[PDB]
């Protein structure tokens, strides 16, 4: 049944600067070294942590307790494991003694060499910091695996002009060996992944407005579809509800596409933000979702699928929760609020979990 393995490298919405958004994807069970990244916040450093840290599991929190029981954050039916998957690790264990004798740093370089395609949702620094700082690793070997950064134009153009520009970062895309490449995707078009037998389908969404410019700020949702099984996951960039009359209904377009083309039984998960709780201070919420807005969007999807069973069986994996100087971990507050609102909206057997760094989901 399981088709996808999703490694949560980073699910932090800020403002603390580590463990920001990055998810690694690979097919379930298989042992190729190749990996896809969605976004580019947490990277090599987090892979290294996961190698080292590899029951009554406790996860970091820093609110009521510095560590909290893992089960508090997840749906009881979620297929989740701490650390990197057996199949991901097997690519290192292909060489018995070599694996054993490689130190943690060396193992980190080896795993990371396999992360060869990034799908970037938007170029805000929290979504690209690891991609950028990690990038010189591409030059460690002459027989190097080359990396490609994919995105919609609002993303790629910004990376070219503002990041890989010899000012913010050396312009590694200008190196003649082309070991780092930037490539554009067309919105709404079924495009192919480079190694895995998957389709990638990107959609533009809204993510607030410029402070100085007042210009709409865009983001991306990615659909990944396994062609054999027809199973799909949706992995989202930062997003807000479309602004009533001033903006195109990009989210409605997205949900309509999903309901038309992907039967619910084939939708194995959606990784989507809920940055803020209901108490929502305006400044932190700009360009983002709170529980009422996320539930409203899921309700729209529900209406489109048009089943008396609602969204029964759908796994919603909540990402990008922000820190706040609150008494209680906002991930717990948000999870409770989402579950309450989902019940109130009769969305059925919807399974809501918070994305937890340092874990792999099997969907």
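Numbering follows the first chain given and starts at 1.
When the two stretches 338 to 346 and 12 to 20 are set side by side, the higher mean Cα temperature factor goes to 338 to 346. Averaged over their C-alpha atoms, the temperature factors of 55 to 63 and 329 to 337 are higher for 55 to 63.
Listed residues 269, 170, 237, 96 were ranked by CA B-factor as deposited; 96 comes out on top. Across the options 107, 146, 162, 122, the residue with the most elevated CA B-factor in the record is 146.
Ranked within its chain, residue 81 lands in the middle third, by CA B factor from the PDB record. Residue 166 sits in the lowest third of its chain by CA B factor, as recorded in the PDB entry.
Among the modelled residues of its chain, residue 175 has a C-alpha B-factor that falls in the highest third according to the deposited record.
Among the modelled residues of its chain, residue 151 has a C-alpha B-factor that falls in the lowest third according to the deposited record. In the PDB entry, residue 319 places in the lowest third of its chain by CA B-factor.
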